[PDB]
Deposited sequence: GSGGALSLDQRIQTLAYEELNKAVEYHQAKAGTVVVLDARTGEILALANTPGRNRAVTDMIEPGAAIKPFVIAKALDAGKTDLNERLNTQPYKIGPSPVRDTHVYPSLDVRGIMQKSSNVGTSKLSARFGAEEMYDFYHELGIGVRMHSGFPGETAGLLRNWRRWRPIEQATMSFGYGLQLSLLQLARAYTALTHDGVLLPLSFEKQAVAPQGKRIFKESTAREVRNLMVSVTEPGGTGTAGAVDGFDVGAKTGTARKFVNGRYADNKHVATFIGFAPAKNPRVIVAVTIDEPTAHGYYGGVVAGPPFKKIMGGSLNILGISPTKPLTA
């Protein structure tokens, strides 16, 4: 039997098309996964190819949680350390955030989506170590979904990386993956450190995946990601009434691609929703403002369809 849940598929399709029309965008995609099994509950595309599977995108800020998790897991940082997060250059090439934060702890780096902080954490590992880590997340590794024209993605050989390139990859530029690959990676955070394979068929038990992070690390990171959707984070547009939502929002230059990805309930996740809107031309272009609202409606609605009870009182 197919894992597709038609109630969620129809919701996803409805909310995607609305957002695409309202922002006058070229295209968009939604992926909804069962966060404990990897089953694909919904896969929605605007007319044309199955972009969720075929189109490789730069993940942008959506990759940062993994870099943070890896630094914590390897003991290269902790939740007390305060990093200098002033903008800097490596030779001619700058690394900067949206604002100048003189210093941030790891929670702050997640909350404010600090390119600087994330890049410094990545720089505590060798290029080869980071390369293997990205390959372990499935980047550059075809999923063999069954759809023709499927993308493998892009992960350059570590021996060819400049120091600036390692930094830019850590905040999601210079490597590429499909939205389905990116949604898959998020199972490593939701399923307590264990990356799941993904399926188009129903699974009566969670498949055997593979461990990327310690369980403690994944739990800590999910808690950090809730800061993204609360006041003071970049992703308040994707807050869902009644729930704590862990999320990341992203905006990549190609013209932009606006991305919002997250899971709920954050502590014991049931659903991953990933939304990408390609080239919005009206009413903003950032991931929070463009992809946040459809994420909010798709996540809130999925949680209701699936019968998950709110964990905090509704407002």
Counting from 1 along the deposited sequence, the ranges with no C-alpha atoms are 1-4, 259-267, 329
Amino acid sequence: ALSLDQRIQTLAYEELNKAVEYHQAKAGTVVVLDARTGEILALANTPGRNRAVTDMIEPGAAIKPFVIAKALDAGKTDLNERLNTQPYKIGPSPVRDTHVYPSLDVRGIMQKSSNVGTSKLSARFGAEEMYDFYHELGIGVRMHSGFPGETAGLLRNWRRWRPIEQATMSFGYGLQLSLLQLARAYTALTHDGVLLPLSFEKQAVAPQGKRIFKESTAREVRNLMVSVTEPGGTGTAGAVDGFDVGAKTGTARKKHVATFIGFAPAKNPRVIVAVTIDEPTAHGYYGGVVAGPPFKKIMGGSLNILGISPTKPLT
From here on, numbers count along this sequence of modelled residues.
Taking the mean of the C-alpha B-factors per stretch from the entry, tell me the winner out of 136-144 and 121-129.
136-144
Is the mean CA B factor in the deposited entry higher across 184-192 or across 201-209?
201-209
Options 217, 168, 85, 157 - largest CA temperature factor per the record
85
Name the residue from 260, 286, 263, 66 with the greatest C-alpha temperature factor listed in the entry.
286
Binned into thirds over the chain's modelled residues, the C-alpha B-factor of residue 70 lands in the lowest
In terms of the chain's CA B-factor thirds, is residue 178 lowest, middle or highest?
lowest
Residue 90: C-alpha B-factor third of its chain, per the entry, is the middle
Against its chain's modelled residues, does residue 248's Cα B factor rank lowest, middle or highest third?
lowest
Check where residue 58 lands among this chain's C-alpha B-factors and tell me if it's the lowest, middle or highest third.
middle
